[PDB]
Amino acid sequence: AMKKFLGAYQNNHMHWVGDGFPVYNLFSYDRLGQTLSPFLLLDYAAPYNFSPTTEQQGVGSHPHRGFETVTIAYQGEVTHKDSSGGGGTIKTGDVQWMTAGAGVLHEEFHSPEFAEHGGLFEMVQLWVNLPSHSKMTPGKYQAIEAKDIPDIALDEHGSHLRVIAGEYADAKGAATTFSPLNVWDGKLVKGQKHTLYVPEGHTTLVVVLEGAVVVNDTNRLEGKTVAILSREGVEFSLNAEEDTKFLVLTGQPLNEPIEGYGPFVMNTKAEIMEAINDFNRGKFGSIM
């Protein structure tokens, strides 16, 4: 059966994460909760011009525990570094699927190369929740280069879909996951229609970053919008009215409690108290 369109949320109000990430929060667990499971947050840095600088623009040392952060670079580049010495550089087209797990302390900022040359910066940061049993696993990185992400042509006019996680058209996602979920991104060219198939019972979010696309022939979505489709059903259609940059996020709902506070997302208030205590007492370390 067809998934039904339930509603949509458009945000045109930008806020700054540090001095390097001018983002539009498209969804948060704090407002929609379990409806988004397993997804927790989506921040979109729409194209923003940064002139050349000697400074490090971005966000300084901060902690995470209990979930994963996925950084997708569209224009410009992001360098990240943790206290454990690790980190790396996310170039245009690359993805970092970082599992914070038991904990990480890191900084995220424009790469030195991007800082030196300047230009438009565009990225998405998506937070993905972990099942309770997986939340305290050791933190780890998945640095995925643009050339390793399967890219599926949806038509003969330039529409495409990248399988960042999950599976589409027998193509396997580049990032491994702790629960069944899909993260697909791409571009739908004006005047082309596409039917997508999603697993029955999965949360299904259609994120329109830029452009205009009609869902199931009757609901038009503009840029900076997230649409929520019904969990019941396996298919929906997208028909572009303009060249559209999109994400499709689906996943098996975790059906576990969500207790969040700042950059910590756990299952209970007691676990949040432990995270606060661990961080405030300096147990996450420091970045030199």
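For every residue, the number given is its place in the sequence shown, counted from 1.
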{"query": "Residue range whose averaged C-alpha B-factor is higher in the record, 81-89 or 142-150", "finding": "81-89"}
{"query": "Stretch with the higher entry mean CA B-factor, where the candidates are 203-211 and 112-120", "finding": "112-120"}
{"query": "Residue, from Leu130, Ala174, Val95, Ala169, that the PDB entry assigns the highest Cα B-factor", "finding": "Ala169"}
{"query": "Peak C-alpha temperature factor (PDB record), options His106, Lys135, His194, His160", "finding": "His194"}
{"query": "Within-chain third of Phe67 by Cα B-factor, per the entry", "finding": "lowest"}
{"query": "Third of chain Cα B-factors occupied by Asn267", "finding": "highest"}
{"query": "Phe39, C-alpha B-factor rank within chain (lowest, middle or highest third)", "finding": "lowest"}
{"query": "Within-chain third of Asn277 by Cα B-factor, per the entry", "finding": "highest"}
{"query": "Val59, C-alpha B-factor rank within chain (lowest, middle or highest third)", "finding": "highest"}
